[PDB]
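Quick note: the sequence shown uses the authors' numbering, first residue 2, plus one each step.
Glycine residues also receive a C-beta, built at the ideal position from the N, C-alpha and C atoms.
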Amino acid sequence: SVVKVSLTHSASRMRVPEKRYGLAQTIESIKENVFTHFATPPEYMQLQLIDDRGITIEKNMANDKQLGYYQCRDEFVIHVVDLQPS
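Rendered as structure tokens:
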């Protein structure tokens, strides 16, 4: 029902080592929370779900879907791809 993940960011060396999300949470709600750490506007984020073996499960999770749709598990990595322009 809840997962422990880490957060990485495509435009920085910044890592957040432990984060707990509900699998029922929409990806949009997760991006909101992610903003508290990296401060990319959520409209300019894609979330890539990587498993604990480094394998990409989803390159860009849809805002209206829930994290559990993507079969997220403990120790997985949500990588934030930063698309914000100039």
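Range covered by the beta strand (DSSP E) that runs through residue i
i     : result
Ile58 : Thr57 to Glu59
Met46 : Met46 to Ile51
Delimiting residues of the alpha helix (DSSP H) encompassing residue i
i     : result
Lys32 : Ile28 to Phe36
Counterpart residues of residue i in DSSP-defined beta bridges
i     : result
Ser7  : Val78
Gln67 : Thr27
Cβ-heavy atom distance, residue i to the ligand SAH, below 7 Å
i     : result
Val17 : Among the components of this structure there are no ligands whatsoever, and the ligand SAH is therefore not found.
Presumed contact (8 Å Cβ cut-off) between residue i and residue j, rounded CB distance
i     : j     : result
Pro43 : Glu33 : 6 Å
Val78 : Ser7  : 5 Å
C-alpha distance - residue i paired with residue j, whole-angstrom precision
i     : j     : result
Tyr45 : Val35 : 12 Å
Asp53 : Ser87 : 33 Å
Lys20 : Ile31 : 10 Å
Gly23 : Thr37 : 17 Å
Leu84 : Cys73 : 23 Å
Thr9  : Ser2  : 22 Å
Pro18 : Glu76 : 10 Å
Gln49 : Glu29 : 13 Å
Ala63 : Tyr71 : 10 Å
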